[PDB]
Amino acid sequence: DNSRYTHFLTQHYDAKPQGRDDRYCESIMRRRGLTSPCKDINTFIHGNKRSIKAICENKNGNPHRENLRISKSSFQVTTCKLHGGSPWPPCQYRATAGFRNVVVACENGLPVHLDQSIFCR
């Protein structure tokens, strides 16, 4: 069963994003179902899927902390951070685009979790 991988892609993958500004964040967070209630922080990885899956192997990854994996390559990413006091929609997001390696957890050679702690600031 690979539903967690599918869910990883829904929450954390966007191949070819359209301008990574606040309005990008506000739209994709709605489109991916992450606005009821408003997710506090969420990061999307860009580029191709095969590079992300490779983090699960020696090809593009190293072990990290307690049973996570950290990528060797750097990825284009965009972090969407909720602002305003309210947990409920409409959800306003601030976008932060970036370029660095990423931390995931893998199961059966597929990523199933993105460690959001490296994108908090």
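In this text, residue numbers run from 1 along the sequence as written.
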Average Cα temperature factor in the PDB entry - higher stretch of 56-64, 75-83: 56-64
Which of 94-102 and 107-115 has higher mean CA B factor, as the PDB entry lists it: 107-115
Among modelled residues of the same chain, the CA temperature factor third for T43: lowest
Position of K16 among the chain's modelled residues by C-alpha B-factor, lowest, middle or highest third: highest
